[PDB]
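**Q**
There are 2 protein chains.
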Amino acid sequence: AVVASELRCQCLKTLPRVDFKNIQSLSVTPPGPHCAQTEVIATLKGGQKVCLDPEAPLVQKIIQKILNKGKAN
Amino acid sequence: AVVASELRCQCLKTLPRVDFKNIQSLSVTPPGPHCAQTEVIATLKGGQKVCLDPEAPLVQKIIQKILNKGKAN
Numbered sequence: 001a002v003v004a005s006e007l008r009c010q011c012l013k014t015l016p017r018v019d020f021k022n023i024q025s026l027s028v029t030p031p032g033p034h035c036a037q038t039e040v041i042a043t044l045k046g047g048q049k050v051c052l053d054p055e056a057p058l059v060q061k062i063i064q065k066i067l068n069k070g071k072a073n
Numbered sequence: 001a002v003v004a005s006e007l008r009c010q011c012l013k014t015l016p017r018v019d020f021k022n023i024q025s026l027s028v029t030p031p032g033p034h035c036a037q038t039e040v041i042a043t044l045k046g047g048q049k050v051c052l053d054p055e056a057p058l059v060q061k062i063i064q065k066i067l068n069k070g071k072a073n
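Keeping their order, the protein sequence lines are chains B and A. Note that the entry's author numbering has the first sequence beginning at 1, numbered continuously upward. Note that the entry's author numbering has the second sequence beginning at 1, numbered continuously upward.
1) Which residues mark the beginning and the end of the alpha helix (DSSP H) in which residue 60(A) is found?
2) Using 10 angstroms around the beta-carbon of residue 5(B), count the other beta-carbons present and answer buried if the total reaches 16, otherwise exposed.
3) Give the residues from the region 23-49 of chain B that approach chain A closer than 7 Å (Cβ to any Cβ), ordered along the chain.
4) Which residue wins for smallest C-alpha separation from residue 39(A), given the options 45(A), 33(A), 28(A)?
5) For a contact defined as C-beta to C-beta under 8 Å, what are the partners of residue 67(A) on chain B?
6) Nearest CA to the CA of residue 65(B): which residue from 3(B), 45(B), 20(B), 36(B)?
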């Protein structure tokens, strides 16, 4: 009945460091006529994704750590 | 008939800086039993997405520029 998903953002909320070690995927997109702020979408290991910080600026470090965690090639 | 998408990666190839200013979305995911390397997926403005560098390490700068391009709040 009532509405809980309209002119809000990319998600009701977001995490600054979703189950990091679990983060098995990520999705960053700019804001729109409501999100009023960039937002991302990270997936975890096991089957559980969601929306994360705005480009994880404060968590960027831990993020750059997740992005640089592919130094196995 | 022939197969062109098997034990390869997240995409046939990837861009180090897809239509950046157009990049209207992004998706970063780790490699698997074939990609042998982290890969991402960025979308452009107009309706055209694809796979980008591996966390755009060399292009990370221009990327951090796209991630920090939300300083309008």
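Ideal placement from N, C-alpha and C gives every residue a C-beta, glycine not left out.
**A** This is what the structure gives:
1) Locating residue 60(A) in the second sequence gives position 60, where the first residue counts as 1. First-last of the alpha helix (DSSP H) with residue 60(A): 60-67.
2) Your numbering for residue 5(B) matches position 5 in the first sequence. Classification for residue 5(B): exposed.
3) 24, 25, 26, 27, 28, 29, 30, 31, 36, 37, 38
4) Along the second sequence, one-based indexing puts residue 39(A) at 39. Nearest C-alpha to residue 39(A): 28(A).
5) Against the second sequence, residue 67(A) aligns to sequence position 67. Those within 8 Å of residue 67(A) in chain B are 28, 38, 55, 57, 60.
6) Working through the first sequence from its first residue, we reach residue 65(B) at position 65. Closest by alpha carbon: 20(B).
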